[PDB]
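Inspection log for the structure reproduced underneath, given as structure tokens.
2 protein chains.
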Amino acid sequence: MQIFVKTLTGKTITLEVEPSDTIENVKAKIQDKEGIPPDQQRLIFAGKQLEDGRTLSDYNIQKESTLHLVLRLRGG
Amino acid sequence: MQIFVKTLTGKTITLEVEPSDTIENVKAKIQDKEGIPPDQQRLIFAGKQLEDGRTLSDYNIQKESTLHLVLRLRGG
Ligand SMILES: [Mg+2]
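So, in structure tokens, the structure goes:
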């Protein structure tokens, strides 16, 4: 299924995922498409900062959902 | 000046800081007192995930302010 990722500059990424993908898998796919290290990615959805070991289905991320991606150089 | 840090278990940390301290300095002080690596710390205040290179004064963190600390193993 297709999901989207929006960035702070207004850009949209499209990803091919499954509900059983983990957030780790999703960040890895963003690295595959756009070269961003997973450790620099914060994915945010429905008011929650997403955890790498949980799945898309855990967060009710569905076909056509849009995640918010914020990049970071250090933790915070 | 004195600020406080609240955790998800309900515990309170007390820190001695200055408005010109960076968030990096604050996380380093939490490591000094409690041994938590800065890379595992997320400090959250007034609806903002705080950035390591900004100062307490940038976020209007004041005497008696309480930050929210959420620990993470991987970026998320
Ligand atoms: Mg130290």
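Protein chains in written order, with PDB author numbering: chain A, 1 to 76; chain B, 1 to 76. Just so you know, even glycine gets a beta-carbon here, dropped at the ideal spot from N, CA and C.
Asked	Found
Return no unless some Cβ of chain B is closer than 7 Å to the Cβ of A:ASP32.	no
Report yes or no: is there a C-beta of chain B within less than 7 Å of the C-beta of A:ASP21?	no
Does at least one heavy atom of ligand 1 sit under 6 Å from the Cβ of residue 90 of chain B?	Look at the range of chain B in this structure, 1 to 76, and you will see that residue 90 of chain B is not part of it.
Suppose the cutoff is 6 Å on Cβ atoms and the five residues either side in sequence are ignored; what does the same chain contact list for A:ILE44 look like?	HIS68
With three or more C-beta pairs closer than 8 Å as the rule, is the region 8 to 23 of chain B touching the region 42 to 61 of chain B?	yes
Leaving out the 5 sequence neighbours to the left and right, which residues in its chain are closer than 6 Å to A:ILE13 when beta-carbon positions are compared?	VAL5
DSSP state of B:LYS27, grouped into three classes?	helix
Hey, how far is the Cα of A:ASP32 from the Cα of A:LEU71?	16 Å
If B:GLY76 and A:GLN40 are in contact, beta carbons under 8 Å, what's the gap, nearest whole angstrom?	B:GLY76 to A:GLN40, Cβ: 12 Å. No contact.
Kindly say whether A:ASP39, judged by its beta-carbon, lies nearer than 7 Å to any beta-carbon of chain B.	yes
Determine the DSSP secondary structure at A:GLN62, reduced to helix, strand or coil.	coil
For B:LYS11, which of helix, strand or coil comes out of DSSP?	coil
Taking Cβ positions only, does B:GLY75 come closer than 7 Å to chain A?	yes
Applying the 10 Å Cβ sphere with the 16-neighbour rule, what's the burial state of B:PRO38?	buried
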